[PDB]
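Read the structure below first, then the notes.
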Amino acid sequence: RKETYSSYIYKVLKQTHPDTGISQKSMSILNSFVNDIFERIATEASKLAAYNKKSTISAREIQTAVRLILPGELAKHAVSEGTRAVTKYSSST
Amino acid sequence: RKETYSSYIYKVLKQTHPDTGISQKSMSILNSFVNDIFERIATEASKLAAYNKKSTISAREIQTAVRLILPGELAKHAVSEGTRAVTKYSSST
Amino acid sequence: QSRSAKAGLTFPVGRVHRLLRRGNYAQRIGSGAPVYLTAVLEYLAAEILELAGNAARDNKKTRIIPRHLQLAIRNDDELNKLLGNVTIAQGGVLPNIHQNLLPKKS
Amino acid sequence: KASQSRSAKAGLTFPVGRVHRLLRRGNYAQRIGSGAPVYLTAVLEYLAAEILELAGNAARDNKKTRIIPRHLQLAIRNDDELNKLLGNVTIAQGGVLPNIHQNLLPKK
Amino acid sequence: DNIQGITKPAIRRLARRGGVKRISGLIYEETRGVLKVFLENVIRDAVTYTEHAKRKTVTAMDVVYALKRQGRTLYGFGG
Amino acid sequence: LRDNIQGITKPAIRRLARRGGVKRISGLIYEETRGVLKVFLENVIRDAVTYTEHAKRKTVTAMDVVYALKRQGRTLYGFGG
Amino acid sequence: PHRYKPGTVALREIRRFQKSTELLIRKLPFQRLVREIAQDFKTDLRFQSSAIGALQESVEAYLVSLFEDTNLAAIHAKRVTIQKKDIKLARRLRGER
Amino acid sequence: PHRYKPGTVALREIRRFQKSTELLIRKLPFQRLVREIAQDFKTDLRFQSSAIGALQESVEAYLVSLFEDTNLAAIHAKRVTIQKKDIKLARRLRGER
DNA sequence: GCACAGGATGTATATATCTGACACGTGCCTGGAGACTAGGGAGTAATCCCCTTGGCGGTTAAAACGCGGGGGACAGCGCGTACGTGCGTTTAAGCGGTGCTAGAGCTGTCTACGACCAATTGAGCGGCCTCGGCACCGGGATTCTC
DNA sequence: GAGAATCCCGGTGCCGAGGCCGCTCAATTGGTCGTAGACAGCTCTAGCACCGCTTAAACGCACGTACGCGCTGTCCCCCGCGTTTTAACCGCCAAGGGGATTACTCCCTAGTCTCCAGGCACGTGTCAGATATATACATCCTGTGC
């Protein structure tokens, strides 16, 4: 029993494209892609949390990390939508 | 209260070259070198132990980390001196 | 009720929070951090699948092939710059020809 | 009952307790074995000893006494194993390598 | 004869995939030497993973981690 | 605006080239190399200032800059302690 | 009695190769080479099937990336032919030592 | 009087600079450069002096490595004189854009 | 036009002074070592089943080989031109000095965010099933090409 | 102007990518408490700004010379194609050998209190450049006559 993001990336696609199909090896491309990006951003977050002698993981250091590892117009767009998501999560407490 | 490796590396060069001074900029080179080597070998041994689904860092995966990271001839010298160090440690009789 | 619903997102804040929990990064992890992480992965996945779907619609194909993934990831210079050290399985090369590799004149 | 540390019990001069302390709250794993700090102490001792052998030999080739970082740069970059080990590093106050390509000389 | 297994039309295929018009004839053996030093690195990088995993067969995931370690990471084979 | 990109003077690019071991330097290379200096400069200092603004400091210390060199694989020694 | 110009059929097979994306090394000799280099380290190493494909896609990817850069090196020397000094030029400028 | 052949003193100052250790740029134009190129990201941003020295030795190491690589690129091209296309070729082969 | 004598001058080498950059003896404090406890992680072992390597054999695109030719590397050679050399003329880092002053950092104190434990329910993973998107085979229009 | 070589369209299965049910862990909910971070306060380090004089260094102009580069005939060694052979490719059997998976048990290592000495931070005694006299002695510059 192993875990992946099959139904979730498929629901994202069927939200944006109700007609395009996905090969399973293409989906393995996307899975290795998404957890690769996850591992980079989480490792940078771990470093920059330890760098400022902080023992806790929070939103501000992954914020700084996603500005610094994502460059232009995928930095500011991701920051904007993620701030929207965390505000709509905190408002819906 | 500050942390370094100054006295230890100091007696390392005194035990083989006693008529040799050391510069504090050079000593900062040396401290940054040993810190960089430490963090490289430790994070690669940690990532390698995460491959195994092993939650424990033992000597076997860090000597594996030596063989991955350090170049081969000094790697086998390093593992030779590491084995005599841990066998001299294990002889608590 | 699922916390992905109360954040309005479709990637698993519980699962990525659990993976971050054994992710072995620090002794404590905040609540909004997997939410923000899920959001940035959701936006980035949405953009890469948007480019892949547009590349699929350009070449009359309704199934995603990794060739179409390579055409989607390498045409955009930003994603080319972020994926510069990464190669794609069965990807291929963008057709690029230097101007004097074409022979003759006019 | 009075006993000394485990650094000399391992026969080593770097602090095994300090590098063990950095192994706990470096949060690389939640469980650390006993042989990992003594082995890491040993390998850091070996690399540091090799570095100071090369630095001392460079300083005696320059017949100095105090290790200028020029000596460290020539100790690292004139040995090939350290060149692959330290390829992407820059050493402060280190300078560059004395090398001349053979075409640049006035061959006449 | 086992060493020369990568044949001359295969270097031709890789070169025209690279988009090169004219090929000099002394390329091919040194390109073979380039292969036998490049994949040398990842065989060393993967069999150490395999023996530390207490296994004597390799798989996709550990050599993908070897490629990730040496900077040319690959997708689609797990990882 | 000011003599700031061109403040790195014309014999200085020459001297840096002679540190590498060149002989002949064309005259039109100086503004291009100044462009090279500046284009390396913003994408090291943006990492430096993101590390700075996370620390809630509005001075840039010597530590976050050398970890910003550590970011892209151009690690540096001496100011790491 | 027709003979085609050098540069017609060659350029058209570069185009036909660039539209295609299939593997170019024959998989069985490459399988022989990876086994015969692997047995020098640990005898009796079994091999997973897709690991060979992963190695193959890595080595076509790296050789294509090397060949494009060496073509750039050769065309920078006002030449349409690559050469082994252009190979070592690309390897030094890649920093592959 | 008696002069020297051109290029003979060029190698003399080559070995003088490669014998040397100190830094070859004045600190103040660098400092104004980083102040006027860093103010766009954030205003009134003060600086540690040794951070400026770190920026110094990092960028001078990048420039001497790039100039050495560009010299190799130029000498591969049957020349000693270094041109714009040598810079473009070198920046294409180190990979950065 | 050349040899001889008088004056100037480095200079060598021994002290004295005299400053400037190093290794070594005491407070101190805090973190490493030792003893005890506890619990869960890895080691081992036995079985299960999956897959992986031979092992045929047919067959088939593909490589080795050589032959004719033709475009491209190449040494040379003229020609100009573009950067190295040199020196007058600003000039702008630089040192150091001072004056100020704002922010880094350390401590104190609170409180609020999350680790942790007991309980819950749901949803995604996986075997099974359906079927239609598309590679493939054959025929026709069309494109650079000599 | 011909002709292989492309794109484009019609007929063949087919087999690998979407639906569909079971349900098992694993996301989600509620209560506790201690601690690490958030805010206030205070100090001192050091970062910025400017005065003023220095001078090594840079800018600018004239020259001139080795090298960048355009052309030109020369191989000559790379490229297009028939022909064979040959080793790659595919279908499929097998078998056994190795990863996977559960379970139990030890032992090995996290967590806590005590302490005391290891390793600092911070003073002083101890060797290398620089200036300076001094005085005879060898060596060089300079004035002069035959």
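One is the number of the first residue shown, and numbering goes on along the chain from there.
Using the three backbone atoms N, Cα and C, a Cβ is placed for every residue, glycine included.
Swiss-Prot gives the label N6-succinyllysine to one of C:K6, C:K60, namely C:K6. Residue-level annotations in Swiss-Prot identify, among C:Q70, C:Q90, C:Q90 as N5-methylglutamine. Compared over the modified residues C:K6, C:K104, the count of CB atoms lying within 10 A of a residue's CB peaks at C:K6. If you measure from the Cα atom of C:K104 (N6-malonyllysine) to that of C:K6 (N6-succinyllysine), you get 64 Å. Taking the C-alpha positions, the distance from C:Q90 (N5-methylglutamine) to C:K6 (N6-succinyllysine) comes to 39 Å. Under the DSSP three-state reduction, C:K6 (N6-succinyllysine) is assigned to helix. In this set, none of the modified residues among C:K6, C:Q90, C:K104 has a C-beta falling under 8 Å from a C-beta of chain F.
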